[PDB]
$ cat my_file_20.txt   # compact mmCIF, C-alpha atoms
# COMPACT_ATOMS: atom_id res chain seq x y z
CA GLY A 1 11.86 -17.19 -5.31
CA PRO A 2 12.30 -13.83 -7.04
CA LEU A 3 10.64 -10.70 -5.69
CA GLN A 4 7.06 -10.08 -6.85
CA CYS A 5 5.16 -6.85 -6.23
CA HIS A 6 1.70 -6.01 -7.50
CA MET A 7 -1.02 -3.40 -7.66
CA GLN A 8 -4.61 -4.58 -7.82
CA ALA A 9 -7.84 -3.07 -9.09
CA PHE A 10 -11.01 -4.34 -7.45
CA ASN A 11 -14.03 -2.95 -9.32
CA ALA A 12 -12.20 -1.44 -12.31
CA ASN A 13 -10.35 -3.49 -14.92
CA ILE A 14 -6.85 -3.01 -16.31
CA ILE A 15 -7.16 -2.11 -20.00
CA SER A 16 -3.60 -1.10 -20.88
CA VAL A 17 -0.05 -1.47 -19.58
CA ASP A 18 3.16 -0.05 -20.96
CA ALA A 19 6.41 -1.02 -19.28
CA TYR A 20 9.89 0.30 -20.02
CA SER A 21 12.47 -2.23 -18.80
CA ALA A 22 16.06 -1.02 -18.41
CA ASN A 23 18.81 -2.90 -20.25
CA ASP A 24 20.57 -4.06 -17.09
CA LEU A 25 19.97 -7.83 -16.94
CA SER A 26 22.77 -9.10 -19.22
CA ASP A 27 26.51 -9.57 -18.68
CA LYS A 28 28.89 -8.64 -21.50
CA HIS A 29 31.72 -10.44 -19.66
CA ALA A 30 29.88 -13.77 -19.39
CA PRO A 31 30.69 -16.64 -21.76
CA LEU A 32 28.48 -17.34 -24.75
CA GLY A 33 25.32 -19.23 -23.84
CA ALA A 34 25.19 -18.07 -20.22
CA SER A 35 21.97 -16.63 -18.81
CA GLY A 36 21.54 -13.47 -16.79
CA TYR A 37 18.64 -12.11 -14.77
CA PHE A 38 15.06 -11.86 -16.01
CA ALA A 39 12.24 -9.43 -15.30
CA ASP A 40 8.51 -9.78 -15.96
CA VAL A 41 5.45 -7.56 -16.09
CA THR A 42 2.48 -9.91 -15.72
CA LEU A 43 -1.31 -9.51 -15.89
CA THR A 44 -3.74 -11.77 -14.00
CA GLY A 45 -7.35 -11.87 -12.85
CA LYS A 46 -7.03 -13.33 -9.34
CA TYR A 47 -4.54 -12.79 -6.54
CA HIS A 48 -1.78 -15.37 -6.16
CA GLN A 49 1.24 -15.49 -3.89
CA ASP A 50 3.26 -16.62 -6.92
CA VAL A 51 1.70 -14.95 -9.96
CA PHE A 52 2.80 -17.84 -12.19
CA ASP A 53 0.63 -20.25 -10.18
CA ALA A 54 -2.37 -18.59 -11.85
CA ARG A 55 -4.42 -20.74 -14.21
CA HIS A 56 -4.25 -17.90 -16.75
CA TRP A 57 -1.48 -15.32 -16.98
CA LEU A 58 -0.01 -13.02 -19.63
CA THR A 59 3.57 -11.91 -19.14
CA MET A 60 6.00 -9.54 -20.85
CA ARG A 61 9.43 -10.93 -20.03
CA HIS A 62 12.86 -9.31 -20.40
CA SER A 63 15.76 -11.79 -20.25
CA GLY A 64 19.42 -10.85 -19.84
CA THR A 65 20.69 -13.20 -22.54
CA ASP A 66 20.43 -13.80 -26.27
CA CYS A 67 17.07 -15.24 -27.29
CA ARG A 68 18.90 -18.35 -28.53
CA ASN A 69 19.47 -19.24 -24.86
CA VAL A 70 15.81 -18.69 -23.87
CA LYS A 71 13.82 -21.90 -24.18
CA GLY A 72 10.63 -21.65 -26.20
CA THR A 73 11.90 -19.03 -28.67
CA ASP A 74 12.71 -21.55 -31.41
CA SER A 75 11.35 -20.23 -34.74
CA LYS A 76 9.88 -17.24 -32.85
CA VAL A 77 12.84 -14.82 -32.75
CA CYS A 78 11.37 -12.50 -35.37
CA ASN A 79 14.60 -10.49 -35.86
CA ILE A 80 16.95 -13.49 -35.61
CA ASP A 81 18.58 -12.59 -38.95
CA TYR A 82 19.79 -9.17 -37.73
CA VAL A 83 21.38 -9.97 -34.33
CA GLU A 84 24.53 -12.07 -34.03
CA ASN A 85 24.67 -14.23 -30.90
CA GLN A 86 26.99 -12.40 -28.52
CA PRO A 87 27.65 -12.02 -24.79
CA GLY A 88 25.65 -9.16 -23.34
CA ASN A 89 22.65 -9.66 -25.62
CA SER A 90 19.11 -9.45 -24.25
CA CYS A 91 15.72 -10.89 -25.17
CA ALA A 92 12.15 -9.60 -24.96
CA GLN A 93 9.14 -11.88 -25.37
CA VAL A 94 5.44 -12.04 -24.50
CA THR A 95 4.02 -15.34 -23.26
CA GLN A 96 0.48 -16.30 -22.28
CA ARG A 97 -0.10 -19.39 -20.15
CA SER A 98 -3.54 -20.93 -19.74
CA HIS A 99 -4.48 -24.23 -18.11
CA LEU A 100 -7.18 -24.55 -20.80
CA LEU A 101 -5.61 -23.06 -23.96
CA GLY A 102 -1.99 -24.05 -23.28
CA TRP A 103 1.42 -22.39 -23.13
CA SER A 104 1.48 -19.81 -25.95
CA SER A 105 4.94 -18.32 -26.51
CA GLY A 106 4.77 -15.05 -28.42
CA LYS A 107 7.30 -13.55 -30.78
CA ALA A 108 10.70 -12.77 -29.27
CA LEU A 109 12.93 -9.79 -30.05
CA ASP A 110 16.69 -10.25 -29.87
CA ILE A 111 18.67 -7.25 -28.65
CA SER A 112 22.34 -6.76 -29.50
CA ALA A 113 24.94 -5.90 -26.88
CA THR A 114 26.19 -3.31 -29.41
CA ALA A 115 22.78 -1.63 -29.75
CA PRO A 116 22.32 1.74 -28.02
CA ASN A 117 21.63 1.22 -24.33
CA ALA A 118 17.94 2.05 -23.95
CA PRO A 119 14.95 0.60 -22.09
CA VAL A 120 12.84 -2.08 -23.74
CA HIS A 121 9.26 -0.92 -24.38
CA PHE A 122 6.58 -3.58 -23.75
CA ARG A 123 2.90 -2.88 -24.32
CA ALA A 124 -0.30 -4.80 -23.62
CA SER A 125 -3.49 -3.06 -24.72
CA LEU A 126 -7.11 -4.21 -24.82
CA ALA A 127 -9.12 -3.66 -27.99
CA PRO A 128 -12.61 -3.70 -26.42
CA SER A 129 -14.44 -4.13 -29.74
CA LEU A 130 -12.10 -6.97 -30.83
CA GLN A 131 -12.24 -8.57 -27.33
CA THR A 132 -8.50 -9.17 -27.78
CA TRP A 133 -5.28 -7.82 -26.28
CA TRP A 134 -2.60 -6.31 -28.50
CA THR A 135 0.74 -7.39 -27.05
CA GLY A 136 4.42 -7.03 -27.76
CA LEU A 137 7.04 -4.40 -28.44
CA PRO A 138 5.73 -1.37 -30.39
CA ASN A 139 7.46 -0.45 -33.65
CA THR A 140 9.11 -3.91 -33.87
CA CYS A 141 8.23 -7.30 -35.37
CA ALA A 142 7.63 -8.95 -31.97
CA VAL A 143 3.86 -8.38 -31.84
CA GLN A 144 0.78 -10.61 -31.61
CA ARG A 145 -2.79 -10.58 -30.33
CA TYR A 146 -4.23 -12.72 -27.53
CA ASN A 147 -7.90 -13.29 -26.83
CA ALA A 148 -9.22 -11.65 -23.67
CA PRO A 149 -9.60 -13.94 -20.64
CA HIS A 150 -12.93 -14.86 -19.08
CA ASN A 151 -11.91 -13.08 -15.89
CA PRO A 152 -10.63 -9.64 -16.96
CA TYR A 153 -7.16 -8.61 -15.88
CA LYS A 154 -7.21 -6.82 -12.52
CA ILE A 155 -3.66 -7.33 -11.18
CA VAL A 156 -0.30 -6.21 -12.58
CA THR A 157 2.75 -7.94 -11.09
CA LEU A 158 6.39 -6.91 -11.43
CA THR A 159 8.92 -9.72 -10.91
CA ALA A 160 12.70 -9.77 -11.10
CA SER A 161 15.35 -12.33 -10.13
CA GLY A 162 18.00 -9.68 -9.53
CA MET A 163 18.73 -5.98 -9.48
CA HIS A 164 16.58 -4.31 -12.12
CA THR A 165 14.90 -1.01 -12.91
CA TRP A 166 11.68 -0.46 -14.81
CA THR A 167 12.27 3.14 -15.85
CA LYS A 168 8.55 3.65 -16.50
CA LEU A 169 5.26 1.82 -15.99
CA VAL A 170 1.93 3.15 -17.27
CA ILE A 171 -1.22 1.33 -16.13
CA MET A 172 -4.63 2.30 -17.41
CA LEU A 173 -8.02 1.42 -15.95
CA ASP A 174 -11.50 1.35 -17.46
CA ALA A 175 -12.73 3.39 -14.46
CA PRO A 176 -11.11 5.37 -11.63
CA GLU A 177 -10.07 3.68 -8.39
CA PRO A 178 -8.38 5.80 -5.70
CA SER A 179 -7.42 2.64 -3.79
CA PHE A 180 -5.24 1.48 -6.71
CA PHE A 181 -2.59 3.98 -5.59
CA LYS A 182 -2.15 2.23 -2.23
CA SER A 183 -2.73 -1.38 -3.28
CA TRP A 184 1.04 -1.80 -3.74
CA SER A 185 2.18 -4.96 -1.97
CA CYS A 186 4.98 -7.46 -2.39
CA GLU A 187 5.62 -11.12 -1.67
CA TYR A 188 9.00 -10.46 -0.10
CA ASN A 189 11.94 -12.86 -0.30
CA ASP A 190 14.26 -11.10 2.20
CA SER A 191 16.76 -10.79 -0.66
CA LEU A 192 15.55 -7.92 -2.86
CA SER A 193 13.57 -4.86 -1.79
CA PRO A 194 11.70 -2.33 -3.93
CA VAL A 195 11.75 1.44 -4.28
CA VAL A 196 9.72 3.60 -6.67
CA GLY A 197 11.06 6.94 -7.85
CA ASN A 198 7.69 8.59 -8.37
CA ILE A 199 4.02 7.70 -8.84
CA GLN A 200 1.53 10.01 -10.55
CA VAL A 201 -2.15 9.85 -11.50
CA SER A 202 -3.93 11.53 -14.40
CA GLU A 203 -6.69 14.10 -13.94
CA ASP A 204 -9.48 11.60 -14.65
CA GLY A 205 -7.94 9.07 -12.25
CA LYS A 206 -7.59 6.48 -15.03
CA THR A 207 -3.85 6.38 -15.75
CA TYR A 208 -1.29 5.57 -13.07
CA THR A 209 2.35 6.24 -13.94
CA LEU A 210 5.27 4.87 -11.95
CA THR A 211 8.79 6.18 -12.55
CA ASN A 212 11.99 4.23 -11.78
CA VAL A 213 10.67 1.06 -10.15
CA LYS A 214 13.86 -0.53 -8.81
CA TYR A 215 14.39 -3.94 -7.23
CA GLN A 216 17.75 -3.98 -5.49
CA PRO A 217 19.58 -6.41 -3.19
CA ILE A 218 19.07 -5.81 0.52
CA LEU A 219 22.53 -7.01 1.56
$ encode --input "my_file_20.txt" --output "structure tokens"
Amino acid sequence: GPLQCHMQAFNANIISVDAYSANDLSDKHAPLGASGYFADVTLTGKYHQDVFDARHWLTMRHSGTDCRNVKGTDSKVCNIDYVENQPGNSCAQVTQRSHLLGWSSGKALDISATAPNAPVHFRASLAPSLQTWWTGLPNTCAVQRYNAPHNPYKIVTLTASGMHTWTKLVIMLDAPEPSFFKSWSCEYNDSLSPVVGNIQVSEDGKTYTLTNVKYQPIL
């Protein structure tokens, strides 16, 4: 399968994640209707070799194709009226899966091949009073809330099926954990390998910031 890498908090909980996903998954030379690569930033409560085996997961997925070619976006592409279907388009969508509550596809944002080349900004943020997670793409229509899980999110997983860069990842904890820095580990596929441009930590030890997380082919 695709490459999955994760960092894991043990006593602290993850309370916020922003991810900036580079626009590099689509192919402007492909025929209409073809798919490209995809990349996810996923939150879970327990460790899993394949994060999507988890009984409950919340993912922020970037797909290298028009949303019309992504199954489960029907009637959920909130900017469908403004983006003509075109080769080189991309799609951004939040999805929560739960073995108890079901498969809940969030709103999807279509991205034009003619739009300025810029990273896609995903955010998932806990509202502790509301006991819900704000999710989606800030300053766009593709936004919704999800109820917090019984087991709070403690693991963030980055998955990609091909070469991809997350230009920026900001993870925030409800309490400091120095071990979070070194919890980085992958389920390797001997096909892609990771490299991180830079990792920083805030003064209070709450906010970890990764710069230029790149999955690239080994051979």
$ residues_around --input "my_file_20.txt" --residues "residue 184 of chain A" --least-positions-apart "6" --cutoff "8 Å" --atoms "only C-alpha atoms" --output "PDB file with C-alpha atoms, in the frame of the given file"
ATOM      1  CA  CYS A   5       5.160  -6.850  -6.230  1.00  0.00           C
ATOM      2  CA  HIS A   6       1.700  -6.010  -7.500  1.00  0.00           C
ATOM      3  CA  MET A   7      -1.020  -3.400  -7.660  1.00  0.00           C
ATOM      4  CA  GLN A   8      -4.610  -4.580  -7.820  1.00  0.00           C
TER       5      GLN A   8
END
$ atom_distance --input "my_file_20.txt" --atom1 "atom CA of residue 97 of chain A" --atom2 "atom CA of residue 146 of chain A"
10.8 Å
$ atom_distance --input "my_file_20.txt" --atom1 "atom CA of residue 113 of chain A" --atom2 "atom CA of residue 81 of chain A"
15.2 Å
$ closest_residue --input "my_file_20.txt" --among "A:139, A:117, A:43, A:65" --to "residue 96 of chain A" --atoms "all atoms listed in the file"
A:43
$ closest_residue --input "my_file_20.txt" --among "A:32, A:201, A:111, A:192" --to "residue 162 of chain A" --atoms "only C-alpha atoms"
A:192
$ residues_around --input "my_file_20.txt" --residues "residue 211 of chain A" --least-positions-apart "5" --cutoff "12 Å" --atoms "only C-alpha atoms" --output "PyMOL selection string"
chain A and resi 18-22+165-171+195-201
$ atom_distance --input "my_file_20.txt" --atom1 "atom CA of residue 209 of chain A" --atom2 "atom CA of residue 133 of chain A"
20.2 Å
$ residues_around --input "my_file_20.txt" --residues "residue 25 of chain A" --least-positions-apart "2" --cutoff "10 Å" --atoms "all atoms listed in the file" --output "number ranges by chain"
A: 21-23, 27, 35-39, 62-65, 88-91, 160-165
